[PDB]
Amino acid sequence: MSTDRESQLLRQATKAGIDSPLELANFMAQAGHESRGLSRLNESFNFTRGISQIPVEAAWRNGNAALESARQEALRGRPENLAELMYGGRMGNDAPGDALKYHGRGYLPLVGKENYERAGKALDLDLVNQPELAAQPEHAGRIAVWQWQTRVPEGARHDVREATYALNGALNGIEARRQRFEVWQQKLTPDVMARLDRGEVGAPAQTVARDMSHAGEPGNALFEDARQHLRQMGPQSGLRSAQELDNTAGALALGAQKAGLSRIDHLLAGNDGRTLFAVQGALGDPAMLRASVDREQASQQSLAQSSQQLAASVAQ
């Protein structure tokens, strides 16, 4: 599914010389955001909230009402009028129908007749006459790498904010791009990069990682604080298995890390036995920090999931 198209794009990118894990994560974050994880290879002309969502200033040149009428027509499957407002008379879209014919396609959307002309010439693809080729995953990958290597200067290859600006001349969805960037930085380990260099099909293997219950792993300090305090509660902790105690410690360390605690000094039961509160500092300290977990959900919450979420949280 997404894994197959993501693996294909990772191989195409590394085959084109995008070898830096930092540059590759950035490239993958921009492509993932602009195509919703490589699942949307065609531009959507559907705007359900309002015309304020339409990101092209030029679309208002015929007044607010003509733009609202084109929006309703696009929602009914006739986006020609909206495409003409958004891209007509720009980027080589001279003839009627060009704006929609050359709508965005690909991972780093190719839009406008002149960009289909330039990309076609550079990649030996008949994109002007068969623009649909730009929405085919294989060609889409080659076109995204070309957009990246020709529109992003070397100095902006490692920064999500600068790369987004060099690509789009504006900063849209920076939060979502930053989140995708941090996920790719975690996935592109040395062995994953080595398997991409070797050209392996399933190179992006995640593999079993050590959980926070192992010494030296991210969250281990908070995990041991939680585990010690759970064992101190004795039979009153309501935990009937070592596995449930470990799961609860993992959930507690995660909540603690998310709320800014560096240490769990105390564990308190509350909400009629349904909640566990992790506390940093004495209970009478007005600077005391706190975090809470649902006891039932925490006893069955995977320690591998808790360890993954805490590691990402610390990396953020």
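Analysis parameters
Residues numbered from 1 in each chain as written, not as in the entry; some residues may be left out. Heavy atoms only, no water. Pairing = 2+ DSSP bridges. Helix = DSSP H or I, 4+ residues; strand = E, 2+ residues; numbered from the N terminus. Axes fitted to C-alpha atoms, helices over the stretch in contact; angles between N-to-C directions. Contact = heavy atoms within 4.5 Å. 1 Å grid on protein atoms, 1.4 Å probe; cavity = no way out; pocket = protein on both sides within 12 Å on 5 of 7 lines; lining within 4 Å. Points joined across faces, edges and corners; volume = space filled by probe spheres on them. Nonpolar A, V, L, I, M, F, W, Y, C, P; charged D, E, K, R; others polar. Domains from an automatic or database assignment.

Looking at the entry header, you'll see X-ray crystallography listed as the method and 1.9000 Å as the resolution.

### Concerning the sheet that holds strand β2 (residues 275-280)
Taking strand neighbours across the sheet as the criterion, the three strands line up as β1-β2-β3 in an open arrangement whose pairing is antiparallel. Each end of this open sheet is capped by a strand with a single partner; those strands are β1 (266-270) and β3 (289-294). Pairs of neighbouring strands in the sheet enclose a mean axial angle of 25°, with direction left out of account. With six bridges joining them, β2 and β3 adopt antiparallel strand pairing. Its bridge partner lying in β3, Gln280 is registered against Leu289. Most of the contacts of helix α12 (residues 242-258) go to β3, to which it runs at about 140°, and overall it touches β1, β2 and β3.

### With respect to the layout of surface pockets
Its boundaries defined by the atoms lining it, the largest pocket holds a volume of some 1200 Å³. Lining the largest pocket are 34 residues; nearest its centre among them are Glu43, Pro55, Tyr87, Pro109 and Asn172. Going through the elements one at a time, α2 (21-34), α4 (80-87), α7 (137-151) and α8 (160-168) are the ones with two or more residues in the lining of the largest pocket. Of the residues belonging to the lining of the largest pocket, the class tally is 13 nonpolar, 13 polar and eight charged. In this structure, the second largest pocket occupies an estimated 920 Å³ of space. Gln186, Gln206, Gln308, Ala311 and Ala312 are the residues nearest the centre of the second largest pocket, which is lined by 31 residues in total. At the level of secondary structure, the elements contributing two or more residues to the lining of the second largest pocket comprise α9 (174-187), α10 (190-197) and α14 (303-315). Broken down by element, the residue count for the lining of the second largest pocket peaks at eight residues, all from α14. Mapping the lining of the second largest pocket onto the domain boundaries places at least three of its residues in each of domain 1 (2-43 + 104-197) and domain 2 (220-315).

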